[PDB]
Structures are given as structure tokens and as C-alpha cells.
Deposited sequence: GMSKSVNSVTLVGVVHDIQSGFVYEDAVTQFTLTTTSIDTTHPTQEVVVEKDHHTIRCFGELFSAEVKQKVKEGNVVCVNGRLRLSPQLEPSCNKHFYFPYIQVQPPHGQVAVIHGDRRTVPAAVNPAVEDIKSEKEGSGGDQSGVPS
């Protein structure tokens, strides 16, 4: 890999759709250093996008590994985002408490 990002944070605003013709589940992952950053995660593939939409929840803590992508937009006719598609990337929910 020439392009690898790992982020651990809290999930928000999960939603699902189509960017172009690809199905995508997108969510915001807040990382915190003591500095907050609100990263846009996009999970691609009909099955993976549905797995993420279905089983990842608002407020879950996750570790994401994916690629940093820069889609310029700003110009016709989320600039930065993390592309997660297996087997290159994954989302791991970390479960605890109670």
C-alpha cells in the first residue's frame, strides 16, 4: 500500500446511497486528540455497503482502515474521504461496557 489510513473514533450520521452508479454507505467518524476531526468514510460494494448500513450504529466506536481519496468536486459542469472496500479496507466495531 502507497495509501493507508487508520482512524479510531465515534460514528455519526450513517446513511446509504449511490455516489455515481456504486452503492455507498457513508458515515462520519470523529477522531479526538488532546483536536477533533470529522472524517467522511465511504464503504463501497452492494453487499459491504449494506452490511455497514445494517449493523453499524450512531455512537459506535470503530476502527477504520482505508485509503485517503480526494474527489475535487467544487466545479460541475466530501472533497476528502476514506474509501473502505474489502479486501483493501475494513470497519471494526469495538464493543464493551455495561
(message) What are the C-alpha gaps when you align the coordinates back onto the deposited sequence?
(response) 1-4, 39-49, 93-97, 119-148
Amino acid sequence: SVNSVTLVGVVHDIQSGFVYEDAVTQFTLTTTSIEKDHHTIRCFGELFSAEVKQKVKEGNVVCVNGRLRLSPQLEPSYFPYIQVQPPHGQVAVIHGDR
From here on, numbers count along this sequence of modelled residues.
(request) For the higher mean C-alpha B factor in the entry, choose 20-28 or 5-13. (result) 20-28
(request) Look up the CA B-factors in the entry and say which stretch, 68-76 or 51-59, has the higher mean. (result) 68-76
